[PDB]
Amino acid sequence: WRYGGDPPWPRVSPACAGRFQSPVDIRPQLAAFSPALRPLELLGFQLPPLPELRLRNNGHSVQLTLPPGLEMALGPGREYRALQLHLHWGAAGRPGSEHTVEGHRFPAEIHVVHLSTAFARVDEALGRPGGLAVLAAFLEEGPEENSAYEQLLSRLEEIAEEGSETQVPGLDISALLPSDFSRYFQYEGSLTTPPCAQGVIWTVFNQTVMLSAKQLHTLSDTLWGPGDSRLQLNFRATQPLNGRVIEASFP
């Protein structure tokens, strides 16, 4: 499968034609305020430099594979382990976030993919209710260099080639997310890539994270993808809610 065109994703995986897909357009004035939604809690996300982490250009994104021991709770009894993080972005003068807010597409988006502690593997959790949880944050252009993201963006040149990987030092993975873990949207959806399996709990932060204009150009302008094309515009079209309600942790 590719961004850009064929083969149609439903030919790759039937679930890509499911009723309840991601990403979606968030209309905050339409979200349901759900006081049950408590602040997210993260344990083990402040990694030491060793062991190193694998950073791979898989031709679809840049993916940082995370080690065991990164724990995330959506709430009491809603426990997950971090697997990996990756990014979605656009191209020069073209934003590339997957989620939109009132139709606004942000420059880029980070996903941290988590597996429920009730499942040993991703393939057993696919299509199961709450089997996977994704933490998603918008990346916006700011005046300051982001020193957290620089640790990864300074390595993109080494993995310019599709199917390339390098080893990078451990870093504070939580420093790639917003500081406010109390204000977020939550809804049930799918993988945004084949096989597009449903039952994913999506948490989208209210607060965005700021990268510099040059950091965002590095992200969109360094990696190469399938055929002989730049890895850019690696985002899926917004999918209809089809009756799903988006919840908000805040009034």
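Start at 1 with the first residue shown and count on from there.
Legend: mean Cα B-factor per stretch from the PDB entry, 100-108 versus 116-124; the higher mean is in 100-108. Across the two stretches, 125-133 and 149-157, the PDB entry reports the greater mean Cα temperature factor for 149-157. Based on the entry's C-alpha B-factors, the most elevated value among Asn57, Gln186, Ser190, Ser34 belongs to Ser34.
In the deposited entry, the Cα temperature factor of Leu223 places it in the middle third of its chain's modelled residues. Among all modelled residues in its chain, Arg78 ranks in the middle third by Cα B-factor.
Placement of the Cα temperature factor of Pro51 within the chain: middle third of the modelled residues, per the deposited record. The deposited CA B-factor of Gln167 belongs to the middle third of values across its chain. Looking at the C-alpha B-factors along this chain, the one for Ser174 belongs to the middle third.
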